[PDB]
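S.K.: Which chain is which? The protein sequence lines are L and C, in order. If you number the first sequence the way the deposited numbering does, the last residue is 187 and the count never jumps. For the second sequence, the residue numbers in the deposited numbering are 6 to 48, 77 to 231, 244 to 338. The beta carbon of each residue, even a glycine, is placed where N, CA and C say it ideally should be.
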Amino acid sequence: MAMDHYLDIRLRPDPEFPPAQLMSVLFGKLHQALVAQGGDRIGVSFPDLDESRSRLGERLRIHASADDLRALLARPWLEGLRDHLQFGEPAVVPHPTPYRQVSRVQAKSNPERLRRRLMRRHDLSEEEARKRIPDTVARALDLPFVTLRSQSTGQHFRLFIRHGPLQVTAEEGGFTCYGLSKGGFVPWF
Amino acid sequence: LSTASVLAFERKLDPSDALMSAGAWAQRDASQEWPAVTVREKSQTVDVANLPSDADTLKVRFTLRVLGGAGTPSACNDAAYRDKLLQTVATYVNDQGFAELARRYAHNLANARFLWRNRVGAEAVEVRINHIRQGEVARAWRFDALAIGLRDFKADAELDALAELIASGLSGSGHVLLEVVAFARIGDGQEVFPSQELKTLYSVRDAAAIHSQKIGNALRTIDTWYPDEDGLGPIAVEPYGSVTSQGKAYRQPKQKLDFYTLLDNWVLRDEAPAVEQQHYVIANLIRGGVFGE
């Protein structure tokens, strides 16, 4: 990498809700420029999460491209969230640097769809569902999620995450295709 | 010279419930008899309805008046403590009027803070307000909550005009009755939001509505005076008041940002505090509520 300018857009504050409304506003900004704006490395991560409980974040240290970081600077579709949301400016960066990656991608961690397929095809009985349907149906762990509004459940929901281990080497790539990361930029330093 | 036993102060700015109805885009010049929101059921039981697949602008329909008369407690016992309270309130009335509180309530009525989650999703949040003393129009108003910010204290000329007319209703010598009609462009096939009981929703006669205490606490969102981090701006105003969705206590009793220290020094000791602390005192005396142990 021969460039030292990589930033992103963090979450904006407001008093009309908890941080789930800020997560919904960040999902709207991602659908406008980052997640629903195409490309691989268009997401929103945060290095303010602990590995013991899968926290969501407390600050904003973004790392993405230039168009997705410069389209959410003067757009008029961020009313209210732009009452507290802001940022600084660009500058130069250091010459050396590592290639570390951590993000959250769309994984298959729901035992409802596979169970629905096994009910539409297998037609399991009681003892047959207790023996052939194994004890790997409670598939859920503590992951980073915020209150996502959508017509899939009644109220707001949660979500998991998944990334890979990085090092001090050099490399570059993209994140998931839903507004997350798979080895992209996260908050570190 | 001591405290009275039971202090009753009724709710000024007394609100009502917020009806919902659905209209379409560019069909909204006749917003008088739109079809309302009925309670649907889909498969705990989540009986939460959606907007229809044709209409998208949710007309939120509610009104508001001002009782007034905060110079007299609705229940007291003492004679000299009451004379001290009456002369202190008369000192404020001879000191300054209701302009600042009316403009801050206009800041509440300029953005869409009264819609707690219904603000996100809408495209052009237009606030239609008529003037009512009888069953007709006398003066009209149109807003937009995307050109008007959320946290920033700004008072435009139209907001100053509406806040001045509200303050003319507020001063105790003239009655005003102003409603709010908002347009939540939720979409064609997206969720309606009534208030929730203790799913456990709320509904009215052949329609759906939202509770009134949530409006009554949303319109008093003034509090920028908590010492930890004021990057979030205005929050709810109560003695020991804060937001209960975060989990953090604002206006600590360890500092002097409490109403009770202000009332004790402001009535008993004659150690009168400053102007903005008196604005907080009269804000949480104009919200109503119980006082006294």
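Nearest CA to the CA of L/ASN108: which residue from L/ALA72, L/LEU5, L/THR134 and L/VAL166?
M.R.: Residue L/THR134 is the option with its Cα nearest to L/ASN108.
S.K.: Could you check if L/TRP186 is buried or exposed, using at least 16 other CB atoms within 10 Å of its CB as the buried criterion?
M.R.: Exposed is the call here.
S.K.: Which whole-angstrom value is the C-beta distance of C/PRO284 and C/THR266, which I expect to be below 8 angstroms?
M.R.: Between C/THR266 and C/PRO284 the Cβ distance is about 16 angstroms, and since that is not below 8 angstroms, they are no contact.
S.K.: Between which two residues does the beta strand (DSSP E) holding residue 238 of chain C run?
M.R.: Shown without residue 238 of chain C, the model has chain C running from 231 straight on to 244.
S.K.: Should C/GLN167 go down as buried or exposed, given a rule of 16 or more other Cβ atoms within 10 Å for buried?
M.R.: Answer is exposed; the Cβ neighbour count stays below 16.
S.K.: For C/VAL42, I'd like the list of residues in its chain whose CB is within less than 7 angstroms of its CB, leaving aside the five on either flank, ordered along the chain.
M.R.: So the qualifying residues of the chain are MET25, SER26, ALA27, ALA82, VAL225, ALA252 and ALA253.
S.K.: Looking only at its chain, what residues have a beta carbon closer than 8 angstroms to the beta carbon of residue 339 of chain C, apart from the 5 residues adjacent to it on each side?
M.R.: Nothing in the structure corresponds to residue 339 of chain C, since chain C is present only between 6 and 338.
S.K.: Just the C-alpha distance for L/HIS29 and L/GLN35, rounded to the nearest angstrom, thanks.
M.R.: For L/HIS29 and L/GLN35, the distance between alpha carbons rounds to 6 angstroms.
S.K.: Flag L/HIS29 as yes if its beta-carbon sits less than 7 angstroms from any beta-carbon of chain C, otherwise no.
M.R.: It does not: the Cβ of L/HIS29 has no partner Cβ on chain C nearer than 7 angstroms.
S.K.: In whole angstroms, what is the alpha-carbon distance linking C/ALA23 and C/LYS92?
M.R.: Computed Cα separation, rounded: 10 angstroms.
S.K.: Pick from C/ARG137, C/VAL288 and C/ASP221: whose alpha carbon is nearest that of C/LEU264?
M.R.: Minimum Cα distance to C/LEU264 is reached at C/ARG137.
S.K.: How would you list, in chain order, the residues of chain L whose beta-carbon sits under 9 angstroms from the beta-carbon of C/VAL288?
M.R.: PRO13 and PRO16, listed in chain order.
S.K.: I want to see whether chain C comes within less than 7 angstroms of L/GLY152, judged by CB atoms only; does it?
M.R.: Judged by the 7 angstroms Cβ criterion, L/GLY152 is in contact with chain C.
S.K.: To the nearest angstrom, how far is the alpha carbon of L/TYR97 from that of L/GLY162?
M.R.: If I take the Cα positions, the gap works out to 12 angstroms.
S.K.: Between the C-alpha atoms of C/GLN323 and L/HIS154, what's the straight-line distance to the nearest angstrom?
M.R.: Their backbone Cα atoms lie some 40 angstroms apart in a straight line.
S.K.: Hey, out of C/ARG150, C/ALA317 and C/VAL214, whose CA is closest to L/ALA18's CA?
M.R.: Ranking C/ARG150, C/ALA317 and C/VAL214 by Cα distance to L/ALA18 puts C/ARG150 first.
S.K.: Can you confirm whether C/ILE255, when its beta carbon is compared against all beta carbons of chain L, has any partner nearer than 7 angstroms?
M.R.: C/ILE255 does not count as touching chain L.
S.K.: So, helix, strand or coil for C/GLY334, using DSSP?
M.R.: DSSP places C/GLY334 in strand when its eight states are reduced to three.
S.K.: List the endpoints of the continuous beta strand (DSSP E) containing C/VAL213.
M.R.: 213 to 218 is the extent of the beta strand (DSSP E) around C/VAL213.
S.K.: Reducing DSSP to helix, strand and coil, say where C/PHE304 ends up.
M.R.: C/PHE304: helix per DSSP, three-state reduction.
S.K.: Shorter than 7 angstroms from the beta carbon of L/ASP81 to some beta carbon of chain C?
M.R.: Interface residue, yes.
S.K.: Go ahead and label C/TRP311 buried or exposed: buried means 16 or more other beta carbons lie within 10 angstroms of its beta carbon, across all protein chains shown.
M.R.: Classification for C/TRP311: buried.
S.K.: In chain L, which residues lie less than 9 angstroms from C/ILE280 when you measure between Cβ atoms?
M.R.: Within 9 angstroms Cβ-Cβ: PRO13.
S.K.: Where does L/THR95 land, buried or exposed, given buried means 16+ other C-beta within 10 angstroms?
M.R.: It counts as exposed.
S.K.: For C/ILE255, which of helix, strand or coil comes out of DSSP?
M.R.: Looking at C/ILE255 - three-state DSSP - the assignment turns out to be strand.
S.K.: Apart from the five residues on each side of it in sequence, which residues of its chain come closer than 7 angstroms, Cβ to Cβ, to L/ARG156?
M.R.: Answer for L/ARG156: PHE143, listed in chain order.
S.K.: Comparing the C-beta of C/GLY182 with each C-beta of chain L, is any distance below 7 angstroms?
M.R.: Yes, C/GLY182 counts as interfacial toward chain L.
S.K.: C/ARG218: which of C/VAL160, C/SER290, C/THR306 and C/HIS140 sits nearest, CA to CA?
M.R.: Ranking C/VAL160, C/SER290, C/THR306 and C/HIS140 by Cα distance to C/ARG218 puts C/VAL160 first.
S.K.: Give the straight-line distance between the Cα atoms of C/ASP89 and C/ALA31, rounded to the nearest whole angstrom.
M.R.: C/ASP89 and C/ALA31: Cα-Cα distance of roughly 11 angstroms.
S.K.: Please state whether the Cβ-Cβ distance between C/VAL126 and C/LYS17 is less than 7 angstroms.
M.R.: No, the pair does not count as a contact, with Cβ atoms beyond the cut-off.
S.K.: So for C/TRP270, helix, strand or coil by DSSP?
M.R.: Three-state result, C/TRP270: coil.
S.K.: When you compare the CB positions of L/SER179 and L/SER123, do they come within less than 7 angstroms of one another, or not?
M.R.: The answer is no: Cβ separation not under 7 angstroms.
S.K.: For L/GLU125, decide whether its Cβ has a neighbour in chain C, counting only Cβ atoms nearer than 7 angstroms.
M.R.: For L/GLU125, the answer is no, since every Cβ of chain C falls outside 7 angstroms of its Cβ.
S.K.: What's the call for L/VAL23, buried or exposed, on a 16-neighbour Cβ count within 10 Å?
M.R.: Buried, by the Cβ-count rule.
S.K.: So, is the C-beta of L/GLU77 closer than 7 angstroms to a C-beta in chain C?
M.R.: By this cut-off, L/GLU77 is an interface position.
S.K.: When you check each C-beta in the stretch 82 to 94 of chain L against every C-beta of chain C, which residues fall closer than 9 angstroms?
M.R.: Within the stretch 82 to 94 of chain L, the residues whose Cβ lies closer than 9 angstroms to some Cβ of chain C are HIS82, listed in chain order.
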